[PDB]
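Structure first, commentary second.
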Amino acid sequence: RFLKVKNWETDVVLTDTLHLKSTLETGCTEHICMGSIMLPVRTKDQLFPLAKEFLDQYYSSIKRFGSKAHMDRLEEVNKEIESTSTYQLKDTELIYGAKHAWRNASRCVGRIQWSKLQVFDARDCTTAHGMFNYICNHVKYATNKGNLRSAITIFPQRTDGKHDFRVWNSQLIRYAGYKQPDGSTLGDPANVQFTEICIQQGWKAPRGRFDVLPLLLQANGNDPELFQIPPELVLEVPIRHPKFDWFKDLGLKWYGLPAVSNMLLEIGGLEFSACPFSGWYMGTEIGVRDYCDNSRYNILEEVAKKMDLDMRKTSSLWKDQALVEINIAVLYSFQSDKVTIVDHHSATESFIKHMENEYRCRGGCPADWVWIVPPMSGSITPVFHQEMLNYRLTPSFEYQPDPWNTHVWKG
Amino acid sequence: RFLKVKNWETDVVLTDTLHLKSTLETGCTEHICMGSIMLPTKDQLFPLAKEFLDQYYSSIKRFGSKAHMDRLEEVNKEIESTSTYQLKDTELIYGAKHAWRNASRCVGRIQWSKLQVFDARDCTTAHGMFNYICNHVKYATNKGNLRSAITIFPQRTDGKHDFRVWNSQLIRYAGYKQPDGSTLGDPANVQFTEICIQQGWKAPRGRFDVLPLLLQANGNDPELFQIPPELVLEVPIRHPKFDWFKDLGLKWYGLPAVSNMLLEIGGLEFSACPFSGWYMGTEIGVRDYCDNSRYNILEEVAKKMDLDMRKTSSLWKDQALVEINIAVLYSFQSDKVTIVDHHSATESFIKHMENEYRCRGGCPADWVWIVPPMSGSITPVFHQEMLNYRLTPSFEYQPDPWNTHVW
Ligand code: HEM
Ligand code: HEM
Ligand SMILES: Nc1cccc(C[C@@H]2CNC[C@@H]2Oc2cccc(Oc3ccccc3)c2)n1
Ligand SMILES: Nc1cccc(C[C@@H]2CNC[C@@H]2Oc2cccc(Oc3ccccc3)c2)n1
Ligand SMILES: C[C@H](O)[C@H](O)[C@H]1CNc2nc(N)[nH]c(=O)c2N1
Ligand SMILES: C[C@H](O)[C@H](O)[C@H]1CNc2nc(N)[nH]c(=O)c2N1
Ligand SMILES: [Zn+2]
């Protein structure tokens with residue numbers, strides 16, 4: 001079968017065949033579209049087919065499909081599964097797998113970069129202190145004094161599900177949030193529950209507006225342990241505006257390294273429950289979402305007050321005006337400090353070129369429009385006008401339950 | 001079978017059961033989501049008629065009554081006899097209001113029950129259609145105090161006697177390709193404008209030429225009519241801060257009036273059913289003015305603002321976008337022509353969704369269309385999960401008539 005997508009701005013039409021290789025389910029049916037829903041131990045039996053499919057994909061990619069080396073590797077994995085119930089990936093297969101999980105990530109606008117991913121193999125790690133060391137090295141490598149480099153660190157795979165490696169933090173670097181008795185929040189409201197966990201575990205909270213959270217790390221299914229990332233490894237950018245001199249006095253800053261730590265990486269049926277990865281920011285992630293969401297820092301009012309905009313009616317577009325100024329400030333600040341960032345125009349234009357190339361070379365590019373379209377100025381970016389097909393390919397990054405809801409406390 | 005939707009800003013969860021009624025298909029499957037694609041006998045008619053009357057009689061608390069069974073008998077008799085049937089005025093009005101209620105791409109549905117329905121089923125000629133349409137235009141415009149309205153022309157019969165309005169909207173501006181290589185006026189309407197010329201229209205060849213109506217009655221060749229200018233309320237565009245804005249020579253019309261869709265009620269098909277409401281400001285200021293394939297004015301505006309257009313990261317496009325949209329709202333409000341901003345409209349839609357969940361068990365909504373084309377995440381609809389499904393009565397797309405009509 002062939003499926004067409006159309007760009008309504010350019011009339012360019014593309015043909016997708018890659019969707020035929022998708023097996024996992026979307027949430028949608030013939031009767032209902034779930035495209036805007038945020039969240040819509042394996043047997044030996046189910047494991048060898050997943051391994052075989054992955055290895056066939058790997059061997060095809062290196063132009064060795066059906067070779068002696070391909071056949072011998074299938075036999076070796078087969079033997080290992082029946083004998084031990086699982087298998088180990090070769091370093092080459094792990095690198096290919098992690099790159100392809102990023103390539104397949106339909107909610108990621110940054111995928112033009114997918115083939116440049118530094119993979120750190122941490123499968124020999126055994127303790128939380130060992131995880132802390134791997135993570136510091138990742139942060140220092142990825143930060144590169146502001147010249148950011150994409151990286152992922154991969155801890156040992158799930159065995160029986162009772163010995164999981166997990167980073168409890170949702171991102172490696174994030175700010176604390178504190179609920180006050182009067183109901184107001186100090187710091188980042190998204191991180192209140194996690195901050196409470198840290199405090200309970202013994203973190204002495206400074207109780208400010210931008211306190212970098214400690215890492216909470218779980219090795220081998222044991223209770224997690226706290227660690228403070230060395231401050232010299234945490235690059236931060238003070239936010240100021242090119243024309244508005246009062247902007248600095250809002251006291252805003254943000255960290256340079258966006259690093260997702262709560263997802264699960266599936267490669268050939270194996271499950272890597274701790275696989276922190278990082279790239280660099282697109283400006284709207286900070287200036288639109290982190291700063292201006294009602295349930296996040298929520299700074300729109302204070303900024304619009306300072307700009308002296310007419311705030312009595314929504315129809316003066318004061319919120320829209322303040323939004324653009326904050327986003328200009330974020331890009332200006334990062335660029336001035338020589339910390340890698342991309343604006344939403346550049347990033348979406350690059351994504352369209354990536355997508356077109358993927359269709360030609362791969363037969364498709366699964367993409368989730370709801371997530372790819374930026375959260376401001378949607379239709380003046382080329383992605384708004386681009387039809388997309390969303391489907392699930394493996395290797396993949398998946399969501400997993402927060403570890404505090406599932407962990408068995410050993411005490 | 002029961003489905004939950006969460007708002008990620010407020011944590012409110014609603015439960016959807018209304019989707020189980022849904023009959024038509026979405027284009028998605030278990031393996032692929034088509035959420036962002038723009039367009040994804042006698043025997044057939046009685047289940048469709050039945051399903052409709054059942055919901056009609058339920059809505060007036062008379063389900064299973066003698067009037068209910070009687071009407072079901074009467075329509076059954078008429079289909080068996082004539083191969084079609086005729087709606088009672090009450091059913092037509094109900095069907096039309098519900099087609100709006102079921103429109104998953106429409107953010108303005110809080111207004112669904114306040115719709116003036118003009119029954120034009122007695123219409124026979126294109127001059128007659130012109131009369132009905134002028135009357136609709138005048139009524140809906142109401143000298144700037146806009147009222148929602150639909151005019152319904154006779155239903156499909158054998159499909160060779162189709163009523164159609166060839167225009168995509170009742171009021172739109174012409175588009176012309178020039179020797180220059182550029183486009184004068186609205187590039188979306190270039191083809192339709194050509195069809196107007198080839199059928200006889202004398203084009204002024206300006207930037208904002210109100211198009212003529214091309215009306216097809218009873219499957220005949222369509223005919224041209226100029227809408228009386230004094231019935232077309234237009235708004236000159238100016239800015240409350242920038243005195244130079246007015247010299248861009250921009251204007252828009254006050255009445256948004258979709259005329260190319262098909263209304264389906266109880267299996268009956270109404271191929272000419274122009275309807276109108278009032279504008280949300282972004283439709284004009286973001287899409288009409290700033291789409292690259294539309295009036296595409298961002299460059300000119302940014303230049304007059306003297307922004308740094310050297311790099312994308314100065315956000316010069318975004319700054320100009322906001323100002324253009326401020327001018328749209330200010331101009332309509334100053335001239336007392338009804339308009340809604342995207343903040344107000346999306347706030348209302350969330351309230352409407354809550355009413356629908358509470359009173360009907362759900363609300364079909366297409367997130368891709370509901371979230372405004374600028375400032376998405378500062379509107380509450382961005383953070384609201386929505387389930388998309390197709391309920392009838394409905395508005396449906398249909399082929400452009402020039403590709404289909406046999407002259
Ligand atoms: C190189 C620069 C990159 C940029 C500019 C970028 C951009 C983005 C953005 C803007 C999002 C949406 C974030 C949100 O709204 O929460 C995202 C999501 C995502 N990206 Fe990237 N990305 C980059 C690198 C990476 C890397 C290195 C990986 C993994 C190897 C990755 C995998 C993902 C995944 C799995 C998501 C979905 C997250 C979720 O569902 O919460 N990206 N990307
Ligand atoms: C009263 C004020 C109204 C407002 C503010 C409003 C708002 C909107 C907006 C912004 C759109 C998206 C338009 C686009 O991007 O092309 C839309 C679509 C739509 N609306 Fe409304 N609407 C209103 C009245 C109506 C009425 C009276 C009807 C029918 C009786 C209706 C039915 C529809 C339909 C069927 C669509 C989808 C059109 C398509 O798929 O092209 N709306 N509405
Ligand atoms: N520029 C880049 C580079 C790499 C990765 C990203 C992803 C960016 C970088 N910070 C966070 C963001 O993803 C999130 C944000 C918030 C929650 C989250 O997890 C979820 C999401 C939905 C439901 C439940 C949990 C993921 N952005
Ligand atoms: N504020 C209101 C009130 C009622 C209706 C509307 C819908 C508003 C009123 N003008 C325009 C808009 O409909 C369009 C315009 C152009 C294309 C379109 O969708 C397509 C796209 C491609 C092919 C076919 C249809 C829909 N907006
Ligand atoms: C309900 C809705 O799906 C949700 O708010 C989504 C919309 N699109 C998004 N897109 C991105 N990139 N990130 C997000 O957090 C969201 N949130
Ligand atoms: C391809 C994509 O579906 C298309 O550009 C859509 C996106 N969302 C939209 N939303 C509205 N309200 N109107 C539109 O025309 C569109 N266009
Ligand atoms: Zn879908």
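Naming scheme: A, B, ... for chains in displayed order of the structure tokens; residues 1 onward per chain; ligands 1 onward as shown.
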* Could you tell me, counting only C-alpha atoms and all ligand atoms, which protein and nucleic acid residues lie no more than 9 Å from ligand 6, written as an NGL selection string? => (:A and (5-9 or 369 or 379 or 382-388)) or (:B and (35-39 or 105-107 or 283 or 287 or 366-373))
* To do: Taking only C-alpha atoms and all ligand atoms into account, report as a list in words which residues have an atom no farther than 6 Å from an atom of ligand 1.
  => residues 102, 105, 107, 108, 109, 110, 113, 150, 151, 277, 278, 279, 280, 281, 282 and 397 of chain A
* What residues in stretch 308-359 of chain B get the DSSP label alpha helix (DSSP H)? Please answer as a ChimeraX atom specification. -> /B:316-334,342-359
* Check the smallest atom-to-atom distance from each of B:337, B:13, B:32, B:210 to chain A using only C-alpha atoms, then report the winner. =>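 Nearest candidate to chain A out of B:337, B:13, B:32, B:210: B:32.
Those protein and nucleic acid residues that have any atom within 7 Å of ligand 2 are, using only C-alpha atoms and all ligand atoms, residues 96, 97, 100, 103, 105, 106, 107, 108, 109, 111, 112, 115, 148, 149, 150, 275, 276, 277, 278, 279, 280, 283, 340, 345, 369 and 395 of chain B.
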* At most 9 Å from ligand 7 (only C-alpha atoms and all ligand atoms): residue list as a ChimeraX atom specification -> /A:26-30,32-36,390 /B:26-30,32-36,388
Keeping N, CA and C atoms for every residue in the selection just given, could you write it to a file as an mmCIF file, in the first residue's frame?
```cif
data_model
loop_
_atom_site.group_PDB
_atom_site.id
_atom_site.type_symbol
_atom_site.label_atom_id
_atom_site.label_comp_id
_atom_site.auth_asym_id
_atom_site.auth_seq_id
_atom_site.Cartn_x
_atom_site.Cartn_y
_atom_site.Cartn_z
ATOM 1 N N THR A 26 -1.562 2.546 17.798
ATOM 2 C CA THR A 26 -1.577 4.018 17.973
ATOM 3 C C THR A 26 -2.498 4.538 19.078
ATOM 4 N N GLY A 27 -3.566 3.797 19.346
ATOM 5 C CA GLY A 27 -4.635 4.300 20.203
ATOM 6 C C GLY A 27 -5.866 4.620 19.382
ATOM 7 N N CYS A 28 -5.677 4.986 18.111
ATOM 8 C CA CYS A 28 -6.823 5.315 17.241
ATOM 9 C C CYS A 28 -7.487 4.053 16.716
ATOM 10 N N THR A 29 -8.725 4.201 16.254
ATOM 11 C CA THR A 29 -9.404 3.169 15.456
ATOM 12 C C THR A 29 -10.129 3.807 14.258
ATOM 13 N N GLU A 30 -10.869 2.989 13.518
ATOM 14 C CA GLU A 30 -11.692 3.482 12.423
ATOM 15 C C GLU A 30 -12.765 4.453 12.905
ATOM 16 N N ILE A 32 -12.565 6.440 16.013
ATOM 17 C CA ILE A 32 -12.093 7.458 16.938
ATOM 18 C C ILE A 32 -10.610 7.786 16.739
ATOM 19 N N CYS A 33 -10.295 9.085 16.709
ATOM 20 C CA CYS A 33 -8.902 9.543 16.643
ATOM 21 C C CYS A 33 -8.472 10.011 18.010
ATOM 22 N N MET A 34 -7.400 9.401 18.512
ATOM 23 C CA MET A 34 -6.805 9.749 19.801
ATOM 24 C C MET A 34 -5.511 10.540 19.637
ATOM 25 N N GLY A 35 -5.374 11.185 18.476
ATOM 26 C CA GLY A 35 -4.149 11.942 18.169
ATOM 27 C C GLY A 35 -3.754 13.074 19.105
ATOM 28 N N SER A 36 -4.676 13.571 19.936
ATOM 29 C CA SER A 36 -4.298 14.594 20.932
ATOM 30 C C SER A 36 -4.189 14.090 22.383
ATOM 31 N N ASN A 390 1.326 9.498 11.627
ATOM 32 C CA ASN A 390 1.912 9.072 12.877
ATOM 33 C C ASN A 390 1.749 7.580 13.051
ATOM 34 N N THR B 26 -13.009 7.541 10.650
ATOM 35 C CA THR B 26 -12.083 8.685 10.875
ATOM 36 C C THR B 26 -10.928 8.774 9.883
ATOM 37 N N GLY B 27 -10.628 7.669 9.215
ATOM 38 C CA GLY B 27 -9.404 7.589 8.430
ATOM 39 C C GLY B 27 -8.223 7.009 9.193
ATOM 40 N N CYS B 28 -8.278 7.008 10.525
ATOM 41 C CA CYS B 28 -7.213 6.362 11.323
ATOM 42 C C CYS B 28 -7.421 4.853 11.421
ATOM 43 N N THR B 29 -6.348 4.132 11.735
ATOM 44 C CA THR B 29 -6.455 2.719 12.115
ATOM 45 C C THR B 29 -5.650 2.480 13.387
ATOM 46 N N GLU B 30 -5.673 1.248 13.878
ATOM 47 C CA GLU B 30 -4.802 0.862 14.993
ATOM 48 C C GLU B 30 -3.312 1.044 14.690
ATOM 49 N N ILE B 32 -2.004 3.382 12.246
ATOM 50 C CA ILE B 32 -1.654 4.722 11.731
ATOM 51 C C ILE B 32 -2.667 5.796 12.110
ATOM 52 N N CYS B 33 -2.157 6.950 12.547
ATOM 53 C CA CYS B 33 -3.016 8.075 12.882
ATOM 54 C C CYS B 33 -2.983 9.083 11.754
ATOM 55 N N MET B 34 -4.176 9.426 11.272
ATOM 56 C CA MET B 34 -4.337 10.366 10.171
ATOM 57 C C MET B 34 -4.880 11.702 10.639
ATOM 58 N N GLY B 35 -4.683 11.986 11.936
ATOM 59 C CA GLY B 35 -5.164 13.202 12.589
ATOM 60 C C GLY B 35 -4.832 14.521 11.904
ATOM 61 N N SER B 36 -3.743 14.562 11.135
ATOM 62 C CA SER B 36 -3.330 15.836 10.504
ATOM 63 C C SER B 36 -3.570 15.921 8.982
ATOM 64 N N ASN B 388 -11.651 12.831 18.704
ATOM 65 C CA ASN B 388 -12.261 13.188 17.427
ATOM 66 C C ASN B 388 -13.014 12.014 16.826
#
```
* DSSP strand (DSSP E) residues within stretch 204-310 of chain A, listed as number ranges by chain -> A: 215-218, 225-227, 236-238, 253-255, 259-260, 264-267, 270-272, 277-278, 281-282
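Nearest to ligand 5 of all the residues B:92, B:378, B:110, B:257 is B:378, counting only C-alpha atoms and all ligand atoms.
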* To do: Quick one: everything within 6 Å of stretch 229-243 of chain A, counting only C-alpha atoms, minus sequence neighbours fewer than 4 positions away in the same chain. Send it as a PyMOL selection string.
  => chain A and resi 140+247-248+252-256+329+333
* To do: Could you please extract the residues within 7 Å of ligand 5, counting only C-alpha atoms and all ligand atoms, and hand them back as JSON, numbers by chain?
  => {"A": [36, 37, 38, 107, 370, 371, 372, 374, 375], "B": [7, 8, 382, 383, 384, 385]}
* **Selection near residue A:217, 7 Å with only C-alpha atoms, sequence-local residues under 6 positions removed, as a list in words** =>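 Contacts, in chain order: residues 128, 166, 167, 168, 224, 225 and 226 of chain A.
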Take the residues just selected and output them with N, CA, C and O atoms as a JSON list (two decimals), in the first residue's frame.
```json
[["chain", "number", "residue", "atom", "x", "y", "z"],
["A", 128, "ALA", "N", 24.45, 2.97, 42.45],
["A", 128, "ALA", "CA", 23.99, 4.33, 42.26],
["A", 128, "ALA", "C", 25.14, 5.32, 42.17],
["A", 128, "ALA", "O", 25.05, 6.29, 41.41],
["A", 166, "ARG", "N", 16.92, 2.91, 37.28],
["A", 166, "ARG", "CA", 16.05, 4.07, 37.03],
["A", 166, "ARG", "C", 16.70, 5.37, 37.52],
["A", 166, "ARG", "O", 17.30, 5.42, 38.60],
["A", 167, "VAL", "N", 16.55, 6.42, 36.72],
["A", 167, "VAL", "CA", 16.84, 7.77, 37.18],
["A", 167, "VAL", "C", 15.45, 8.28, 37.59],
["A", 167, "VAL", "O", 14.52, 8.27, 36.76],
["A", 168, "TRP", "N", 15.29, 8.68, 38.85],
["A", 168, "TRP", "CA", 13.96, 9.12, 39.30],
["A", 168, "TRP", "C", 13.63, 10.51, 38.75],
["A", 168, "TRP", "O", 12.47, 10.82, 38.47],
["A", 224, "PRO", "N", 16.58, 4.20, 45.87],
["A", 224, "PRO", "CA", 17.45, 5.22, 45.28],
["A", 224, "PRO", "C", 18.25, 6.04, 46.29],
["A", 224, "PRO", "O", 17.88, 6.14, 47.47],
["A", 225, "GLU", "N", 19.32, 6.66, 45.79],
["A", 225, "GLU", "CA", 20.23, 7.44, 46.60],
["A", 225, "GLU", "C", 20.39, 8.82, 45.99],
["A", 225, "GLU", "O", 20.38, 8.98, 44.75],
["A", 226, "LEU", "N", 20.58, 9.80, 46.85],
["A", 226, "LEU", "CA", 20.71, 11.19, 46.41],
["A", 226, "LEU", "C", 22.15, 11.58, 46.09],
["A", 226, "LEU", "O", 23.08, 11.13, 46.76]]
```
* Got a sec: who's within 8 Å of residue B:223, counting only C-alpha atoms, leaving out chain neighbours fewer than 3 positions off, as a ChimeraX atom specification? -> /B:126,199,213-216
Now that the selection is made, can you save its residues with C-alpha atoms as a PDB file, in the first residue's frame?
```pdb
ATOM      1  CA  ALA B 126     -30.551  30.679  -9.813  1.00  0.00           C
ATOM      2  CA  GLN B 199     -18.549  32.531 -17.800  1.00  0.00           C
ATOM      3  CA  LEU B 213     -21.891  34.621  -6.988  1.00  0.00           C
ATOM      4  CA  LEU B 214     -21.955  31.632  -9.297  1.00  0.00           C
ATOM      5  CA  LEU B 215     -25.191  29.870  -8.648  1.00  0.00           C
ATOM      6  CA  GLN B 216     -26.353  26.515  -9.907  1.00  0.00           C
TER       7      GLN B 216
END
```
* For ligand 4, the nearest of the candidates B:48, B:171, B:99, B:137, counting only C-alpha atoms and all ligand atoms -> B:171
* Asked: Counting only C-alpha atoms, which of A:205, A:13, A:265, A:24 gets nearest to chain B?
  ->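 Ranked by minimum distance to chain B, first place goes to A:24.
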* Asked: When distances are computed from only C-alpha atoms, which of A:317, A:172, A:257, A:347 shows the smallest separation from chain B?
  ->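 Nearest candidate to chain B out of A:317, A:172, A:257, A:347: A:317.
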Do you know which residues are at most 10 Å from residue A:304 counting only C-alpha atoms, after dropping those on the same chain fewer than 3 positions away, and could you put them as a short mmCIF file (atom, residue, chain, number, x, y, z; two decimals) with N, CA and C atoms, in the first residue's frame?
```cif
data_model
loop_
_atom_site.label_atom_id
_atom_site.label_comp_id
_atom_site.auth_asym_id
_atom_site.auth_seq_id
_atom_site.Cartn_x
_atom_site.Cartn_y
_atom_site.Cartn_z
N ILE A 299 4.97 33.82 33.90
CA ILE A 299 5.51 35.19 34.02
C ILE A 299 4.85 36.24 33.11
N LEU A 300 3.87 35.81 32.31
CA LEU A 300 3.24 36.71 31.35
C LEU A 300 2.76 38.05 31.95
N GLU A 301 2.09 37.99 33.10
CA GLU A 301 1.56 39.20 33.71
C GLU A 301 2.67 40.19 34.06
N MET A 307 6.05 46.12 30.41
CA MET A 307 6.00 46.67 29.05
C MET A 307 4.95 47.78 28.92
N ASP A 308 4.16 47.96 29.99
CA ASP A 308 3.02 48.87 30.03
C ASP A 308 1.98 48.62 28.94
N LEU A 309 1.66 47.36 28.70
CA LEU A 309 0.63 47.02 27.73
C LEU A 309 -0.75 47.18 28.35
N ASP A 310 -1.74 47.44 27.50
CA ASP A 310 -3.14 47.48 27.89
C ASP A 310 -3.59 46.07 28.31
N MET A 311 -3.80 45.87 29.61
CA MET A 311 -4.11 44.56 30.17
C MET A 311 -5.57 44.35 30.55
N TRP A 318 -2.18 41.52 24.66
CA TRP A 318 -1.05 41.76 25.57
C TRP A 318 -0.26 40.48 25.84
N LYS A 319 -0.97 39.35 26.01
CA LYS A 319 -0.28 38.10 26.31
C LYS A 319 0.58 37.69 25.12
N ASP A 320 0.04 37.84 23.90
CA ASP A 320 0.78 37.52 22.67
C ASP A 320 2.02 38.41 22.52
N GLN A 321 1.85 39.70 22.84
CA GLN A 321 2.97 40.67 22.80
C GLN A 321 4.07 40.33 23.77
N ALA A 322 3.71 40.10 25.04
CA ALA A 322 4.68 39.71 26.06
C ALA A 322 5.37 38.38 25.72
N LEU A 323 4.61 37.45 25.14
CA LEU A 323 5.14 36.14 24.76
C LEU A 323 6.30 36.26 23.78
N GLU A 325 8.21 38.90 23.25
CA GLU A 325 9.36 39.56 23.91
C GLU A 325 10.19 38.60 24.77
N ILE A 326 9.52 37.71 25.51
CA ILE A 326 10.20 36.73 26.37
C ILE A 326 11.04 35.76 25.52
#
```
Using only C-alpha atoms, determine which residues lie at most 12 Å from residue B:47, disregarding the query and same-chain residues fewer than 3 positions distant; provide the list as a compact mmCIF listing (two decimals) with N, CA and C atoms, in the first residue's frame.
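Result went into result13.txt, see below:
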```txt
# COMPACT_ATOMS: atom_id res chain seq x y z
N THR B 23 -20.88 6.79 13.79
CA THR B 23 -21.15 5.81 12.74
C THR B 23 -20.09 5.83 11.62
N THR B 41 -29.10 3.96 -2.79
CA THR B 41 -30.21 3.01 -2.86
C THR B 41 -31.30 3.46 -1.90
N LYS B 42 -32.46 2.82 -2.01
CA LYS B 42 -33.53 2.95 -1.02
C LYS B 42 -33.11 2.29 0.30
N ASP B 43 -32.50 1.11 0.19
CA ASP B 43 -32.11 0.27 1.33
C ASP B 43 -31.20 0.95 2.35
N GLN B 44 -30.35 1.85 1.87
CA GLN B 44 -29.43 2.59 2.72
C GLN B 44 -30.16 3.67 3.52
N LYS B 50 -34.30 6.44 10.31
CA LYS B 50 -34.64 5.91 11.63
C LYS B 50 -33.75 6.43 12.75
N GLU B 51 -32.43 6.33 12.56
CA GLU B 51 -31.45 6.81 13.52
C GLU B 51 -31.72 8.29 13.87
N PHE B 52 -31.95 9.10 12.84
CA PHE B 52 -32.25 10.53 13.02
C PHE B 52 -33.55 10.81 13.81
N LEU B 53 -34.66 10.21 13.38
CA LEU B 53 -35.95 10.47 14.05
C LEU B 53 -35.90 10.01 15.49
N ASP B 54 -35.21 8.89 15.72
CA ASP B 54 -34.99 8.39 17.07
C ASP B 54 -34.32 9.46 17.94
N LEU B 72 -42.33 7.57 12.14
CA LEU B 72 -41.43 6.54 11.62
C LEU B 72 -42.15 5.70 10.55
N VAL B 75 -42.59 8.12 7.30
CA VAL B 75 -41.36 8.23 6.53
C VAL B 75 -41.02 6.90 5.85
N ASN B 76 -41.20 5.80 6.58
CA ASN B 76 -41.05 4.47 6.00
C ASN B 76 -41.93 4.29 4.77
N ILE B 79 -40.49 6.63 1.74
CA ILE B 79 -39.27 6.08 1.14
C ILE B 79 -39.61 4.87 0.25
N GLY B 266 -30.44 12.83 8.46
CA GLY B 266 -31.27 11.61 8.32
C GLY B 266 -31.12 10.96 6.96
N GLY B 267 -29.90 10.97 6.44
CA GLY B 267 -29.57 10.37 5.14
C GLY B 267 -29.80 11.24 3.92
N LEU B 268 -30.51 12.36 4.11
CA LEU B 268 -30.78 13.32 3.03
C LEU B 268 -29.60 14.26 2.84
```
